[PDB]
Amino acid sequence: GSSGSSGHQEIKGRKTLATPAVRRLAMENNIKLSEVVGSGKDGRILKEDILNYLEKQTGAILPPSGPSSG
């Protein structure tokens, strides 16, 4: 055994750079802006980023933890 989890860390960047209409698109889809890899030059997260975050979040890697499968 003696198995451990890689771990988790945080990087500066409290204030997010993205339009207001887009900032909400996340709060509605429970999307972590910070996680949403912005596209705009200045890492500005555009509306497209959101639609691109779900397509990736939906097909994530997760265990069976039961009969359920999706």
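Residues numbered from 1 in each chain as written, not as in the entry; some residues may be left out. Heavy atoms only, no water.

- Structure determination for the deposited model, as stated in its record, used solution NMR.

### Examining helix α2 (residues 47–58)
- With 12 residues, α2 ought to run about 16 Å at 1.5 Å a step, and its terminal C-alpha atoms sit 17 Å apart, in line with that.
- Among the residues making up α2, those that are buried are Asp49, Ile50 and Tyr53. Down the axis, α2 shows its buried residues gathered within 100° of arc, on one side only. Away from the buried face of α2 by more than 90 degrees, exposed residues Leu51, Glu55 and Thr58 are located.
- Buried residues belonging to α2 abut α1 (20–29). (Helix = DSSP H or I, 4+ residues; strand = E, 2+ residues; numbered from the N terminus. Expected span 1.5 Å × (residues − 1). Buried < 20%, exposed > 50% of the residue type's maximum accessible area, 1.4 Å probe, protein only. Arc of directions from axis to C-beta. Contact = heavy atoms within 4.5 Å.)

### Observations regarding the nonpolar core
- Grouped together as the largest cluster of nonpolar side chains are 9 residues: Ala18, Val22, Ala26, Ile31, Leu33, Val36, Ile45, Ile50 and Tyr53.
- Those elements that provide at least two residues to this core are α1 and α2.
- Once you skip the residues sitting within four places of it in the chain, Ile50 turns out to touch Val22, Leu25, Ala26, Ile31 and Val36. (Core = buried A, V, L, I, M, F, W, Y, C linked by side-chain atoms within 4.5 Å.)

### Focus on unusual backbone geometry
- Although it is not a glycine, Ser2 sits at a positive phi angle of roughly 45°.
- Here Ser2 is to be found in the segment before α1.
- A residue is classified by how much of its surface remains accessible, and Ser2, at 87% relative accessible area, is exposed.
- Positive phi, normally seen in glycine, also occurs at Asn30, with a value near 45°.
- For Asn30, the position within the fold is in the loop between α1 and α2.

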